[PDB]
Amino acid sequence: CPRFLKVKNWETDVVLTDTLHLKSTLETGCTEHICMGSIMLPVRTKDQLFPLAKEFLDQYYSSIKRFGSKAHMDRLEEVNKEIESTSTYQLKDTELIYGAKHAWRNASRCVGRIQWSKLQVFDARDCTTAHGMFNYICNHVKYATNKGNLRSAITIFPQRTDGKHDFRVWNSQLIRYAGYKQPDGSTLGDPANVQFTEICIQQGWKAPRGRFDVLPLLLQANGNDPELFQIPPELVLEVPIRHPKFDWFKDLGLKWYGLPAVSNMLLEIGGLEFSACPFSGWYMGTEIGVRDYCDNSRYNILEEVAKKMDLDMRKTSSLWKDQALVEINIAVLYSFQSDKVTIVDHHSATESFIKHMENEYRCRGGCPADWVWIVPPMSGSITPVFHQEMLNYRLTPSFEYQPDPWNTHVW
Ligand code: HEM
Ligand SMILES: COCCCNc1cncc(CCc2cc(C)cc(N)n2)c1
Ligand SMILES: C[C@H](O)[C@H](O)[C@H]1CNc2nc(N)[nH]c(=O)c2N1
Ligand SMILES: [Zn+2]
């Protein structure tokens, strides 16, 4: 802008002023001579820990307008001494909830953040076993699902200590379908999960060898060998995909699960690392309809579908893929709604995100947003976020990526 940063919506000419980026700690990958905005992915000593701890506490106490208080100050000595003795420290329940809700709030890749303050935090820091993990996770799933009226939730397992005793949910999501490679060449189910399916089988999973087989949970507690568990099927809500007009759509036998629940990410609060912190909300229809169903590397159903629309697949210029994609996504939304399972369309979601974005600038002086991820993978320019300039930067607490457990743990 003039002296501090401005973003603009070119459809509405609204301008917003960003000051929040000046708090940004972490680094983006971009430099003054290269932009890495479209790049997917650009323990800790005692000494590294206290700055990060104090930085978080200062923020937490500044959030409740008690910055610089006795409570604030004693808490600082309290934690400083915890780190000398024990090389770590423990978050109060209140701080844990603040941290978690704010990690969501700072998640620059998430279009749903208008919901950020409405999150259930299940503290599972007392868990010591894979079995306990299974119990916490089942409870999360059942709570979150809520018989179709979805509720946002996260379950936080014990924090990392010496890198030799961390909790990992080896699953990328709590609920995902298996993927089966064949020397036939082809692949049955979800190909994103083929290797993971292999690990499960090479750990004794009795694979039904079907298309939409819900995978077992594979749970690592205290750094031990991970252990298999079948989520109770009655806890796994699913939607058969049919079309509001094309009654032949049922015949494709599509089904998806209703509960999107990410389980491979790392939650960072006050320098502490929670390597097992599965979290869930509800689906934007395009996640299933466009990416899950139509990505070439995923279920890849575009050919099968468009074929059954008497479509012109001779050349790409008929836009037969575009047509099939729109129908597939209509069927997804219709289905979830006919089943009274929470879902949002990309028009409504992006619309609420603009509102949220403007909310955040009003009261927080900004909102970090990653345009590349915020814009839906179909019909981009007819949603409001396509035309909205966005500033991306890294605030903390945060959810981070982390290595796949099978490329580390062994024995
Ligand atoms: C309530 C409904 C929610 C909706 C509609 C929603 C929507 C989305 C969408 C569409 C994406 C992009 C995913 C993709 O295209 O692969 C995403 C990413 C993400 N969401 Fe949200 N979300 C919701 C709830 C939550 C919650 C409860 C959390 C955590 C507290 C969260 C944190 C994140 C994070 C960390 C990412 C980035 C994933 C990555 O970088 O791989 N979201 N969200
Ligand atoms: C490939 O490396 C990065 C992995 C991409 N992340 C990613 C992939 N598929 C699905 C997701 C689900 C994201 C999500 C999470 C939540 C809590 C809700 C929602 N609607 N969507 C995330
Ligand atoms: C290359 C590019 O960064 C990558 O394909 C991104 C683009 N935008 C995305 N946006 C969402 N919501 N989800 C994704 O997986 C991706 N993939
Ligand atoms: Zn950049």
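Remember, it's 1-based here, ligands and their atoms both numbered in the order they're listed. Numbers here are sequence positions counted from 1. What you see below is based on every heavy atom in this structure, not just the backbone, and it leaves out hydrogens, waters and symmetry mates.
Taking 4.0 Å as the cut-off between side-chain N and carboxylate O, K355 and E360 do not count as a salt-bridged pair. Using a 4.0 Å cut-off between a side-chain N of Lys or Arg and a carboxylate O of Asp or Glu, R125 and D123 qualify as a salt bridge. The existence of a salt bridge linking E303 and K308 is excluded, since no basic side-chain nitrogen approaches an acidic carboxylate oxygen closer than 4.0 Å. A salt bridge does not link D18 to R364: none of the charged side-chain nitrogens sits closer than 4.0 Å to a carboxylate oxygen. Between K8 and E389, no side-chain nitrogen of the basic residue sits less than 4.0 Å from a carboxylate oxygen of the acidic one, so the salt-bridge criterion is not met. Between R394 and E27, none of the side-chain N atoms (NZ, or NE/NH1/NH2) sits under 4.0 Å from a carboxylate O, so this pair counts as no salt bridge. A salt bridge links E78 and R75; the closest N-O separation between the charged side-chain nitrogens and carboxylate oxygens is under 4.0 Å.
Checked by atom type, the side-chain pair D213/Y180 shows a donor-acceptor distance below 3.5 Å. Side-chain contact, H409 with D166: no donor N or O sits under 3.5 Å from an acceptor N or O. Between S117 and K101, the side chains place no donor N or O within less than 3.5 Å of an acceptor N or O (distance only, hydrogens not considered). Between the side chains of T86 and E82, no donor-acceptor pair of N or O atoms lies under 3.5 Å.
Here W373 has side-chain heavy atoms under 4.0 Å from ligand 2, and that is the only part of it that gets that close. The residue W116 has no part lying near ligand 1, judged by heavy-atom distances below 4.0 Å. Contact annotation: for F279 versus ligand 2, heavy atoms closer than 4.0 Å belong to both the backbone and the side chain. Both the backbone and the side chain of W282 come within 4.0 Å of ligand 1, judged by heavy-atom distances. Heavy atoms of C110 found under 4.0 angstrom from ligand 2: none, in either backbone or side chain.
An N or O contact shorter than 3.5 Å is missing between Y283 and ligand 1 by distance.
Ranking the protein heavy atoms by distance from atom 32 (C) of ligand 1 puts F279 CE1, 3.5 Å first. Nearest non-hydrogen protein atom to atom 16 (C) of ligand 2 is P260 O, 4.0 Å. Looking only at heavy atoms of the protein, atom 43 (N) of ligand 1 is closest to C110 SG, 3.5 Å. Here the heavy atom of the protein found nearest to atom 26 (C) of ligand 1 is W104 CE2, 3.2 Å. Among protein heavy atoms, atom 18 (C) of ligand 1 sits closest to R109 O, 3.7 Å. Among all non-hydrogen protein atoms, the one lying nearest atom 13 (C) of ligand 1 is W373 CZ3, 3.6 Å. When only non-hydrogen protein atoms are considered, atom 7 (C) of ligand 1 lies nearest to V111 CG1, 3.8 Å.
In this structure, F167 and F157 have parallel ring planes: the angle between them is below the 30° cut-off, well short of the 60° mark.
Within the 4.0 angstrom cut-off, atom 7 (C) of ligand 2 has no protein heavy-atom neighbours. In this structure, atom 4 (C) of ligand 2 is not in close contact with the protein, since no protein heavy atom lies within 4.0 Å of it. Distance check for atom 12 (C) of ligand 2: a protein heavy atom is found below 4.0 Å.
Looking at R113, its side chain does come within 3.5 Å of a backbone N or O of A107 through a donor-acceptor pair. With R242 contributing its side chain and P240 its backbone, the two residues share a donor-acceptor pair below 3.5 Å. Looking only at distances, no side-chain donor or acceptor of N193 sits under 3.5 Å from a matching main-chain atom of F196.
Listed by atom number, the atoms of ligand 2 under 4.0 Å from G281 heavy atoms are 17 (C). Counting the atoms of ligand 1 from 1 in the order shown, those under 4.0 Å from a heavy atom of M284 are 10 (C). In summary, the atoms of ligand 1 found under 4.0 Å from a heavy atom of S280, numbered by their order in the structure, are 27 (C). In summary, the atoms of ligand 2 found under 4.0 Å from a heavy atom of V262, numbered by their order in the structure, are 12 (C), 13 (C), 15 (C). Heavy-atom contacts of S280 reach the following atoms of ligand 2: 17 (C) (cutoff under 4.0 Å). Near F399, meaning under 4.0 Å from any of its heavy atoms, are these atoms of ligand 1: 29 (C), 30 (C), 35 (C).
Residue contacts with ligand 2 leave out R291, since none of its heavy atoms falls under 4.0 Å from the ligand. A heavy-atom separation below 4.0 Å is not found between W104 and ligand 2. Look at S152 and you'll find a heavy atom under 4.0 Å from some atom of ligand 1. Contact annotation: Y401 has at least one heavy atom less than 4.0 Å from an atom of ligand 1. Using 4.0 Å as the threshold, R291 has no heavy atom nearer than that to any atom of ligand 1.
Of all the listed residues (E287, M40, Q173, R176), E287 holds the heavy atom that lies closest to atom 20 (N) of ligand 2.
Side-chain atoms of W282 and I343, non-hydrogen and from C-beta on, never get closer than 4.5 Å to each other.
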